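Notes for the structure review
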Amino acid sequence: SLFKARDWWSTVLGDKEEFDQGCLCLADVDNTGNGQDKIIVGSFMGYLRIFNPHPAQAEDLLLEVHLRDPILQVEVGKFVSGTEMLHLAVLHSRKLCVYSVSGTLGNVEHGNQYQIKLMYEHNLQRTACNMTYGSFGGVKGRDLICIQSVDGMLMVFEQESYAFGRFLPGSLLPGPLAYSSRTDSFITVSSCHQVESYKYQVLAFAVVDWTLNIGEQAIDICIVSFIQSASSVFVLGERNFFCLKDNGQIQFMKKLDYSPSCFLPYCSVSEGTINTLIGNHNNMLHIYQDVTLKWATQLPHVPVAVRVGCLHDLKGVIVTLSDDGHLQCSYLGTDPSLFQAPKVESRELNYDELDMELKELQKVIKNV
Amino acid sequence: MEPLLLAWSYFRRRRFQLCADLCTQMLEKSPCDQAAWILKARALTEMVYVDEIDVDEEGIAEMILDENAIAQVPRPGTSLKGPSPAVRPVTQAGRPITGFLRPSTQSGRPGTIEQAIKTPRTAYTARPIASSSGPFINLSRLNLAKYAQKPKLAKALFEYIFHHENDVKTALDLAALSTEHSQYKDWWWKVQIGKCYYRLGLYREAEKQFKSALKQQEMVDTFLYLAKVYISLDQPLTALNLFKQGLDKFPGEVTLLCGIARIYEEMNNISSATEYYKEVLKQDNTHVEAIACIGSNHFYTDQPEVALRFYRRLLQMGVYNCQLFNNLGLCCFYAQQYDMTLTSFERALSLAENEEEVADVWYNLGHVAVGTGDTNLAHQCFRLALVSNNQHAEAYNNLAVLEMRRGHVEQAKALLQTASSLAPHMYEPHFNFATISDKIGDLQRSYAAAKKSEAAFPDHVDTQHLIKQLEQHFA
Amino acid sequence: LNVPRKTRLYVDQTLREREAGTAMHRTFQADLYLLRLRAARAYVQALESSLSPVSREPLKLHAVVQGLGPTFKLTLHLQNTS
Amino acid sequence: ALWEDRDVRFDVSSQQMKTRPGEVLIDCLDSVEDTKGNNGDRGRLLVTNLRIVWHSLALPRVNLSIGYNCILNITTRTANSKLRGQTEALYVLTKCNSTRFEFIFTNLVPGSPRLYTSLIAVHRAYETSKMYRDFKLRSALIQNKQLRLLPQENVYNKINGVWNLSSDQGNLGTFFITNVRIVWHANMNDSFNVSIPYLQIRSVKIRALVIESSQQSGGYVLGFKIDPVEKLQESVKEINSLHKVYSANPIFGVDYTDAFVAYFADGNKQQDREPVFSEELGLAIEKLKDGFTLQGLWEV
Amino acid sequence: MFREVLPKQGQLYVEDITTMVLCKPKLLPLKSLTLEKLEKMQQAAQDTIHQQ
């Protein structure tokens, strides 16, 4: 079992559907307040599914609603103007929709229903590609949404309506977008290998705060901020893995020898360092302490948009979602198992038929 | 859903067929759309991409007909140009067999074009040596002076020209126009021009660009590129200093430590390559290269249990080969674990995608058999190794040993002659032929064979006694 | 002398052998029987197809190829061994 | 009741290998040797409608039965080159009640390897069709206002205003009756729907439309209430008739000893210790085994 | 309850006789990822050439 991702609640999620990054979200969209997260998955086939897994079982799937247009980058944040309760954002190619998963209970395990209410929507002129969400500027208790476009433009909504929208200077293929709060900057990776950070108020006034010419174009960019001591910005390219400072230069870098697909710098352990886990296209997870591999596991499928969350009283369960439709919560396998032949007594070597065949073959040999 | 979006998302997920196809549609639909254009270019160039760092064939011309090392006869220990051949199998006069074949392995070099031609094609490289190391876009139609103005197009276009079409001259033209457009301030174009040079043949003109790129921004890429350049000029001790400089920049990089270990193994002082592979292990612990190398070294220095552990590690990390399972079989048998021995050889024979791999597995099964006794089973296994790979000299030698064990002297003589004709760098066929000749007489053939044995394994012992006895008979 | 050293792996392996020697013996004998079976099978198949370059009636032949380029020199080294 | 597609059994009897009523054989292949158990004995492989079977063909007692709701990965390996013809091999990875097995099937005679393809096909047909033989909550069943039918499924009775005696205020909902399964949506936030298959039903009685589950989906008692009871008993009797006529010949909607111990995928491990948190890595990790440490298992 | 007695003295060579040596067991070297990719790209072209 050693170096395998032992299985937890796992499932297959449709009929030859297709997902991408941003699909898998993991938070309290139910606003229970207990800490246990809930899986949310939306394909660009249309179906939005929410699960509360328990360690296959029928009642795990909270709901499996279907929207007409495809679904890109489901998110969970304070996307409502009034209250401080988490709401679920669904970004269709030319549509934005904030929902609210309200779960009412019945007097039996399966008498409880779940209603998603269209809190508000937004017609999108341009074709959306992906988005980020955060408290732009220094606001608190609000989660504004900055959506990108397939043709470069980034449009910002202040949680209620169309705040503004500015074109990215010099981009053709839209890359991964993120928002750093310790610097209040939108950070993207343009087609011309430039990791670029723009200050928010600069874009609001329309330019580049800073750039860094990494060797490739990045698949994902994940600004993580659970450490207030030394801030950092992670950028996973398609050939390398950078961790950049807040001024704009590489803090450190790893020259991966595989093809990454997803990564997630989760909770850290030591002082200053940050544990991270990356998913090969070779069906593996790697767990680095910022450069140094601390563990590795064989995943079942090619992980897309891994997450780590506390699911049903077990902290740090790894939730992976393939792009074909698989999904699996898992925990590392830490059981070194003796390499030894199975002492099986029932299964014996059938000497009769085997000796017949061997007599035939040896007869041929000694005859020729 | 939408064409451009679905194609770009196929690209993100590394499909590389679906993206090109939706873009081909999207390009037939609109003759004016550059997003899908460069996206299809990216997909095409990444279906075939392979990083230039670990592509070091060097051909057959650049081994003799190209002289770049300054010193002609430098001190032994500062140029690239352990267990004895009585334990570890060999490939040349020296150079014991290595773990982890990489396509940059030279493993010795020939002396003349004739010797390099009249030897097996894959005796100096992981691949057979060469002489020297509709269409989406026609390279003769586009004006690189106009794509150079647009860097977003220029970068993907250069990657396409360089890694897909392999047109180094047009790639260099584009890269020069691009670098002059950027006023020589982006290290990437410098690195690309340096690569164009390095595979054009101009090493110093490439080292210039790599140095100027290191001055801009330190990256592991440029460090490994300079390492290649310096190794091409036959300068190990410059590459090692550069690697330690890089490690001073990047404190725990695995590729730099692995390059240091590769250089130390090419110079053949394993006592430091093991230390650096152990550092790689302390960093990675899944590194196939360091694990395989330390495992082989542990197996051949009569410690097969530690090697079995090191290879069970690779088994634990999902590696599933024919080489790995045959290695596990050898280790299990020689570490005295008789329960998991032969099932590993069976998985090996199952996984072998060749006729030489099958022959090597049958050779090793014959070794297992002859260690068990029952010389008939080993006889059959060696004959099957011959059936599967006719040019398998070790099978000839061992089958001749078993034949002379039976009594058939002429069969053994012919088989040892065949073995020594196929692999002259080996010492066992020569020694055995000389021994059997001396046993029957024919001291001329015994001398001609024992002298070639001494030429193959010059520190042998029985060869020396044979030569002394022969030279004594001659007076 | 250069007498080798033995680590914890060796004593654990010898303890496993001392506690589970019978199963190892039995399974290795079964594997040896199956190996004899498969080797005899492949030897008979080779005799059928006559694919052995070494096979009363004494001979020995092996073919060497030389040269790059469109034209290769193929030399068969043949030998009577009697 | 039905175990052929839910378990993995070894040394099965000569009767349990026989085609169940709803089951149907598809393809067969002789001389398929079994490996991952080094008995070196031949056999015969069968790719049925619900499971894959292998019997020794010389001692037909020793055999294997692997269900399709207990397989994770099926891989074909084309190797063993020119020396003979290109022979294939089947690697099946199975996980039944948290125990991982792996079986290997070697086609000895290289003259008929086509079987290993069809299996893959039917396995997809087994997974793309689970609304036929499994129980599901709150799925995406309803279209704009009507039911989305399976391939081999048509509705029988269309009843409006059928309550659900498992909730409090979201009850009144339509009740669809079909030849494969019976469903009820909620007619108000129509994502509280239940889709019970006839295969999972154990007995439809009244105490009120009580429906019990067959020990697989647990003891899930479902209670519904309708308008005056005339149509109620009518629906109950017609439901019982459909249940019996289905159980006569099941559908399954598939379109087109120490034996275990020698087939473990892990290697001398049929277990998973309690997953506990790990302060070293920050991940949920399997419990460590009485003295072992993470930084001691990681190094070599 | 009797245990079989084993001789405490082994067989010791009293002269070194020149015996024909065998070649040594050969650990098949593993491959890199670039090498596997290059070989597969080399054989895929052959396959497409034969499949047209």
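Residues numbered from 1 in each chain as written, not as in the entry; some residues may be left out. Chains lettered and ligands numbered in written order. Part of a larger assembly, values for the part shown. Heavy atoms only, no water.

cryo-EM is the method the PDB entry states for this structure, with the resolution given as 3.5 Å.

1. Concerning the sheet that holds strand β22 (residues 241–244) of chain A
Residues and elements named next belong to chain A. Put simply, the rule is: For two strands to be treated as a pair, DSSP must find at least two bridges joining them. The helix and strand labels rest on DSSP assignments: H or I over at least four residues marks a helix, E over at least two residues marks a strand, and numbering proceeds from the N terminus. To obtain each axis, a line is fitted to C-alpha atoms, and for helices this fit is confined to the stretch in contact; angles are then taken between N-to-C directions over 0 to 180 degrees.
A sheet is described by the order of its strands in space; here four strands give the open sequence β20-β21-β22-β23, paired in antiparallel fashion. On the outer flanks of this sheet lie β20 (218–224) and β23 (250–254), each paired with one strand and no other. Direction aside, neighbouring strands of the sheet carry axes that sit 15° apart on average. The sheet contact formed by β20 and strand β21 (residues 232–237) spans six bridges and is antiparallel. Counterpart to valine 224 in the pairing with β21 is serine 232.

2. As for the arrangement of the chains
What counts is decided by this rule: Contact criterion: two residues are considered in contact whenever any of their non-hydrogen atoms come within 4.5 Å of each other.
There are eight pairs of chains in contact here, and the one with the most contacts is chains A and D. With respect to C-alpha atoms, chain C approaches chain E no nearer than 17 Å, and the pair has no contact. At the level of C-alpha atoms, the two units chain D and chain E stay apart, their nearest approach being 15 Å.

3. Concerning the interface of chain D and chain A
Interfaces are frequently sized by the accessible area removed from exposure as the parts join. Condition: Accessible area, probed at 1.4 Å, shrinks when two parts are joined; the buried area is that loss added up over both. Salt bridges are defined as contacts in which a side-chain nitrogen from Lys or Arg sits within 4 Å of a carboxyl oxygen from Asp or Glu. Residues are grouped as follows: nonpolar covers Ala, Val, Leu, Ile, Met, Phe, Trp, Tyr, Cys and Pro; charged covers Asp, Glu, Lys and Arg; every other residue, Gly included, is treated as polar.
The interface is formed by 61 residues belonging to chain D together with 64 residues belonging to chain A. For the chain D and chain A pair, buried surface summed over both sides reaches about 5400 Å², with 52% attributable to carbon and sulfur atoms. Counting the contacts that link chain D with chain A gives eight salt bridges. A salt bridge links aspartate 11 of chain D to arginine 347 of chain A; the shortest N-O distance between them is 2.7 Å. Along the lines of polarity and charge, the residues of the side of chain D that touches chain A split into 26 nonpolar, 16 polar and 19 charged.

4. Focus: the nonpolar core
Heads up, the rule is: The nonpolar core is taken to be a set of buried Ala, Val, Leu, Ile, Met, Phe, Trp, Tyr and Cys residues, with the residues joined through side-chain atoms within 4.5 Å. Relative accessibility decides the category of a residue: with a 1.4 Å probe and only protein chains considered, values under 20% of the type maximum give buried, values over 50% give exposed, and everything between is partly exposed.
In terms of nonpolar packing, the biggest core is built from 203 residues, with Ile147 and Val235 of chain A together with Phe158, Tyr311 and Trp362 of chain B touching the most fellow members. Setting aside residues no more than four positions away along its own chain, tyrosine 311 of chain B makes contact with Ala292, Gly295, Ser296, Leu324, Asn327, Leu328 and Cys331 of chain B together with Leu27 and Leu30 of chain E. Within the second largest apolar cluster, 63 residues are counted, among which are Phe105, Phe135, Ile159 and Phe252 of chain D.

5. Comments concerning the pattern of salt bridges
In total, this model carries 48 salt bridges over all chains according to the counting rule given. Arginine 49 of chain A is the salt-bridge partner of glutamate 17 of chain A, the closest N and O atoms lying 2.4 Å from each other. Here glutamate 17 of chain A, found in the loop between β1 (5–12) and β2 (25–27), pairs with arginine 49 of chain A, found in strand β4 (residues 47–51); they are 32 residues apart in sequence, far enough to count as distant. With respect to class, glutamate 17 of chain A is no different from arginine 49 of chain A; both count as buried. With a closest N to O distance of 2.7 Å, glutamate 52 of chain B and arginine 199 of chain B form a salt bridge. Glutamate 52 of chain B gets classed as buried once you look at its relative accessible area, which sits at 4%. It is possible to trace a salt-bridge network through shared partners that takes in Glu238 and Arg239 of chain A together with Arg42, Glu46 and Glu159 of chain B.

6. Side note on the packing of helix α22 (residues 409–422) of chain B against helix α23 (residues 428–440) of chain B
Residues and elements named next belong to chain B. Our working rule: We call two directions roughly parallel when the angle between them is under 35 degrees, roughly antiparallel when it is over 145, roughly perpendicular when it lies between 65 and 115, and oblique otherwise. In a left-handed crossing the near helix is turned counterclockwise from the far helix by less than a right angle, and in a right-handed crossing that turn is clockwise.
With their axes 9 Å apart at the nearest point, α22 and α23 run at an angle of 150° to one another. If you check the angle between α22 and α23, you find them roughly antiparallel. Crossing angle aside, the handedness with which α22 passes α23 is left-handed. Residues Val409, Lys413, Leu416, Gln417, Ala419 and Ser420 of α22 form the contact with α23, whose participating residues are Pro429, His430, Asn432, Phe433 and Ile436. Looking at the contact of α22 with α23 residue by residue, the classes come out as six nonpolar, four polar and one charged.

7. Details of the pairing of strand β6 (residues 72–77) of chain A
All names here are of chain A. Most of β6 sits inside the fold, with six of its six residues counted as buried. Pairing of β6 with strand β7 (residues 87–92) involves four bridges; the strand directions are antiparallel. Each residue of the ladder has a partner; that of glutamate 75, found in β7, is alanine 89.

8. Concerning a nonpolar patch on the surface
All names here are of chain C. The test is simple: What makes a patch is a set of residues exposed beyond 30% relative accessible area and free of salt bridges, joined within 9 Å when like-charged and within 5 Å when nonpolar (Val, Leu, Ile, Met, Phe, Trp, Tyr). The Shrake-Rupley method, run with a 1.4 Å probe, gives the accessible areas here. Residue values count only the displayed protein chains as cover.
Residues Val65, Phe72, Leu74 and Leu76 make up a contiguous nonpolar surface patch of about 420 Å² in total accessible area. Tracing the backbone shows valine 65 in strand β1 (residues 60–66). Judged by its relative accessible area of 51%, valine 65 is exposed.

9. Quick word on the packing of helix α9 (residues 187–200) of chain B against helix α10 (residues 204–216) of chain B
The relative placement of two packed helices comes down to the angle between their axes together with the axis-to-axis distance. Residue and element names in this part refer to chain B. The interhelical angle for the contact between α9 and α10, taken along N-to-C directions, is 160°, at an axis separation of 8 Å. By the criterion of interaxial angle, the relationship of α9 to α10 is roughly antiparallel. Along this stretch, α9 crosses α10, giving a crossing that reads as left-handed. Residues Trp187, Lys190, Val191, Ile193, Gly194, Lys195, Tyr197 and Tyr198 of α9 pack against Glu205, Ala206, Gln209, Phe210, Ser212, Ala213 and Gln216 of α10. By residue class, the composition of the contact of α9 with α10 is eight nonpolar, four polar and three charged.

10. Considerations on the interface of chain C and chain B
Counting residues at the interface gives 37 residues for chain C and 38 residues for chain B. For the pairing of chain C and chain B, the buried interface totals around 3500 Å² over both sides, and the portion due to carbon and sulfur atoms is 63%. The largest per-residue losses of area from chain C upon contact with chain B belong to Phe28, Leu35 and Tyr43 of chain C, which jointly make up 17% of the total buried on that side. Between chain C and chain B we count two salt bridges in total.

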